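Residue numbers (the entry's author numbering), protein chains in the order written: chain I, 1 to 55; chain U, 111 to 164.
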């Protein structure tokens with residue numbers, strides 16, 4: 001049994017990690033960038049209120 | 111401008127058609143930007159050669 005083949009796999013473990021890492025970050029930024037949008041809209045929802053002024 | 115706790119003499123001239131005559135009520139809504147808007151309704155007593163509006 002040789003670690004030469006272990007290397008072959010170790011790539012695969014690392015690569016799928018990096019890809020998941022890659023996407024999760026992308027998934028994550030979008031998560032964040034979405035989380036920001038709802039917040040901006042959220043404040044804009046309340047503060048965009050319009051009012052009847054006087055009689 | 112008015113510093114808070116100060117006053118000014120405002121002088122209104124009513125437009126050609128809207129000049130009220132004795133016995134006719136008028137309303138004046140005062141609308142400061144960003145603030146509660148007043149209204150002052152008066153009716154000239156039928157009388158009133160002029161002067162103070164009681």
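From the three backbone atoms N, C-alpha and C, an ideal C-beta is built for every residue, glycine too.
* Residues of the segment 146-161 of chain U with Cβ closer than 8 angstroms to any Cβ of chain I, in chain order -> 147 and 149
* Cα separation between residue 25 of chain I and residue 2 of chain I? -> Position 25 of the first chain, counted from the start, is the residue given in the question as residue 25 of chain I. Position 2 of the first chain, counted from the start, is the residue given in the question as residue 2 of chain I. Approximately 35 angstroms, taken between the alpha carbons.
* What did DSSP end up calling residue 143 of chain U once you bin it into helix, strand or coil? -> For the purposes of this step, residue 143 of chain U is identified with residue 33 of the second chain, where counting begins at 1. Three-state result, residue 143 of chain U: coil.
* Asked: For the alpha helix (DSSP H) that contains residue 129 of chain U, what are its first and last residues?
  -> Here residue 129 of chain U refers to the residue found at position 19 of the second chain. Element bounds for residue 129 of chain U: n/a, residue is neither H nor E.
* Asked: Can you find a CB in chain U that lies within less than 8 angstroms of the CB of residue 26 of chain I?
  -> Start at 1 with the first residue of the first chain, and residue 26 of chain I comes out as number 26. For residue 26 of chain I, the answer is no, since every Cβ of chain U falls outside 8 angstroms of its Cβ.
* **8 angstroms contact criterion, which residue 154 of chain U and residue 124 of chain U should meet: CB distance rounded** => Taking the second chain and counting its residues from 1, the one referred to as residue 154 of chain U is at position 44. Taking the second chain and counting its residues from 1, the one referred to as residue 124 of chain U is at position 14. The pair is not a contact, with the Cβ atoms about 12 angstroms apart (cut-off 8 angstroms).
* Does the beta carbon of residue 135 of chain U come closer than 8 angstroms to any beta carbon on chain I? -> As a working mapping, residue 135 of chain U is identified with position 25 in the second chain. Taking Cβ atoms only, chain I never reaches closer than 8 angstroms to residue 135 of chain U, which makes this a no.
* Asked: Where does residue 39 of chain I sit, in a helix, a strand or coil, going by DSSP?
  -> Locating residue 39 of chain I in the first chain gives position 39, counting from the first residue. It is helical.
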